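Trainee: Top line first, the protein sequences correspond to chains F and A.
Going by the deposited numbering, the letters in the first sequence line up with residues 93 to 184, in that order.
Going by the deposited numbering, the letters in the second sequence line up with residues 93 to 184, in that order.
There's a structure below that I have some questions on.
There are 2 protein chains.
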Amino acid sequence: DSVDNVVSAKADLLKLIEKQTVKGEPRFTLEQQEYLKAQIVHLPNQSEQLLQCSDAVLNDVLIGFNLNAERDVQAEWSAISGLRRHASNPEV
Amino acid sequence: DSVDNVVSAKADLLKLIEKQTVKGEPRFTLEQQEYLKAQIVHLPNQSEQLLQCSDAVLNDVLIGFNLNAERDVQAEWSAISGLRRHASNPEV
DNA sequence: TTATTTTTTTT
DNA sequence: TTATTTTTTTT
């Protein structure tokens, strides 16, 4: 039901992949551990999903789909790209 | 056409009401000057009109029309009442 | 051929 | 009679 537990449980799973040991030796090699962690995905609500994406990624997406060109996207994304930097205020 | 000139012209009119002199004496008494300035009004766009209103005034309005009671108003007005304090960022 | 930067307000 | 504080996501 709760986001706080979805994220907590996901982190515990990654931790378990890190530190699970059998006969006293760590169960997975590093390439293996990166493999399993690759398979897990987490799906927040849309707004938080956006705010997770770094500016480089989203700019890359805008370029790749040439959506960098049209005005409404650029104005909107500029405003959002800004507020991040002062999201420390809960009101922001 | 331009807001910068509407506000500039209004301020010049108030200044003229202040300092217009006839035969070397100031044309209007203080109660007169407050009278004329009472008659002038200025009508910005809606958003700036809101941001001019002090929190006390808008809270008084919300109370007088009991709109203080309903949730959407309070959430929205709280958010706006906040951002003002950090409107120094143009992005905000 | 001609050859840019622009304002305002509301939904 | 019974007697509150609550989460999440999208439009």
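The beta carbon of each residue, even a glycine, is placed where N, CA and C say it ideally should be.
Between the C-alpha atoms of F:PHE120 and F:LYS129, what's the straight-line distance to the nearest angstrom?
Mentor: 11 Å
Trainee: Less than 8 Å between CB atoms is the rule here; does F:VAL165 satisfy it with respect to chain A?
Mentor: no
Trainee: Which residue comes first and which comes last in the alpha helix (DSSP H) that contains A:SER94?
Mentor: Premise fails: A:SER94 is in no alpha helix (DSSP H) and is neither H nor E.
Trainee: Can you tell me which of the three DSSP states F:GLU117 falls into?
Mentor: Taken through DSSP and simplified to helix, strand or coil, F:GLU117 comes out as strand.
Trainee: Hey, is A:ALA171's beta-carbon within less than 8 Å of any beta-carbon in chain F?
Mentor: Yes, contact with chain F.
Trainee: Listed in chain order, which residues of the region 123–156 of chain A have Cβ atoms closer than 9 Å to some Cβ of chain F?
Mentor: The region 123–156 of chain A vs chain F, Cβ under 9 Å: nothing.
Trainee: Rounded to the nearest angstrom, what separates F:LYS111 and F:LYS102 at their Cα positions?
Mentor: Whole-angstrom Cα-Cα distance: 14 Å.
Trainee: Which residues bound the alpha helix (DSSP H) around A:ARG176?
Mentor: A:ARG176 -> no alpha helix (DSSP H), and no H or E assigned at all.
Trainee: What residue range is occupied by the uninterrupted alpha helix (DSSP H) comprising F:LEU150?
Mentor: 147–156
Trainee: Any C-beta of chain A sitting closer than 8 Å to the C-beta of F:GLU168?
Mentor: no
Trainee: So what's A:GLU126 in DSSP terms, helix, strand or just coil?
Mentor: If DSSP states are grouped into helix, strand and coil, A:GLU126 belongs with the helices.
Trainee: Can the beta-carbon of A:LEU105 be found closer than 8 Å to that of A:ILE132?
Mentor: yes
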